[PDB]
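Shown below, as structure tokens, is a lone chain in the form deposited in one PDB entry; questions about how it binds or moves come after it.
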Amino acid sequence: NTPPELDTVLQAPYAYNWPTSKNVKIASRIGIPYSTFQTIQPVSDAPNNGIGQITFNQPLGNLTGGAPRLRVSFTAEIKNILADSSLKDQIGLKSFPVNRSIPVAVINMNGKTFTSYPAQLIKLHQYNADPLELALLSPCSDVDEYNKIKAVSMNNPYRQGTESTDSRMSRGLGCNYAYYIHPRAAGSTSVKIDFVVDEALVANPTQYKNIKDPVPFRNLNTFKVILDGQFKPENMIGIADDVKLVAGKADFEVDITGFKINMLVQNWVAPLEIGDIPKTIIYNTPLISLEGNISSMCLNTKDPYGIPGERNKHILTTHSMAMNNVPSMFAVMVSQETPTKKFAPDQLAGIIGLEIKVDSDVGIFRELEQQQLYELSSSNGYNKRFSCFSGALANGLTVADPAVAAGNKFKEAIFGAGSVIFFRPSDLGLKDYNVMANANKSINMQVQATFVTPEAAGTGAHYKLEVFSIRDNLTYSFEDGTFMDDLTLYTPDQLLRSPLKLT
């Protein structure tokens, strides 16, 4: 054994790459112009409280922008606030309030209907996309790091523009969206705020993934967008957990009035310089499905802010989930089924253990702890920090302070928002090597999740384990106007014998 001889290179500064006539070219350009926007009104007046069917119907010739946007405006009256409350850095909007408010949507392009679930799509997509991409989808793209929001918390999403570390990554007032607070008289227990939110529609086949430079659709003889509107306070309005209530009242009462909506699209003629448009254009339009869910009452006997190891280890196991093909990715989360407080963060559980079964291969990931589960999710796109993901006590010293009495320790305690575990079939390390992403092969999956919840000792709430699948799914636009979509399925042998790409 002797070391092999290696070739050498002489590196030098890029400064010495002299610009000359041999390597410098002058660019002119064409672009998608900004003179091409159109406002599309809905077929009927939108419901005044934001609850009802909403339809846009507008044939569009030539090219239409791939990421159309919805512009909602409304007034929100918040009641049962303690008198003379400043409300500084305490009121704002929830993350992706437009898409949160649309449980189901149907898009018609030239007779082809696409049915999808925006609220469900954006609930997953907010946790595994680039934050700068997400800031182009919505002005309220920041996702809650912690299960309670307090005014003084450093990344409090309801911090105003001047009080935010990064105003783009806040959902407060004076940040990314237009607003107006109605005049507040001395001794008033309510506030009225007008909002305007301009947000991209997350629904098949829109190009919300490629929001930076979306590929346009062409020659839409029929173009209908049908929305199941649920623009209700619970989906849109955010109130910090340290805002005080009037004596007697349990929660805040919020009413949406003056609700209006329109769709904003770009429409323009293709330039001659790009040449002939191809006969068949392909669009990346992934399919998210809830593969299985199961719920249970979770009662905490021991303090969630106490010893981590003594926190109640709740277990939920799904039924056997039958799948006719193998998805590219899965997503696991344990969420509160019925929210206790309507205007607080979504209460997810901190997943401490994960057992997965695929066919007869059992007990996968049972060995793994939180740190390894965080790495797993992070390697598949998870976009938040461990402090959030873990669901652990985030302010231990604040709670352990002797100045805080035993009765006030839960109130001061703030936990990480909770876990979302993204995993691929290739992460499982299955004996059955035919179980590959995009394989046309039937499988049965079962997922057990061990988790801890942020509820106080002697209290509880219902938590649902949800397992989602993210499938590769393409939409094809044919020259004659026809649209089709289908999964990109192949045999195991085709996929295993495909050429290697080390990336």
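Throughout, we count residues from 1 along the sequence that is shown. If you superpose the two forms and keep the largest set of C-alpha atoms that fall within 1.5 Å, you have the rigid core.
There is also a form deposited in another entry; it is not shown, and the following applies to it.
Original post:
Of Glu367, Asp401, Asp130, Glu310, which one's CA moves 2 Å or more between this form and the one not shown, core aligned?
Top reply: Among the listed residues, the outlier is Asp401.
**OP:** Answer yes if the CA of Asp255 moves 2 Å or more between this form and the one not shown after aligning the rigid core, and no otherwise.
**Re:** It does not, since the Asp255 C-alpha is displaced less than 2 Å between this form and the one not shown after the core fit.
Subject >> Large Cα move at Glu412 between this form and the one not shown, threshold 2 Å, rigid core >> reply: Yes, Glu412 moves 2 Å or more.
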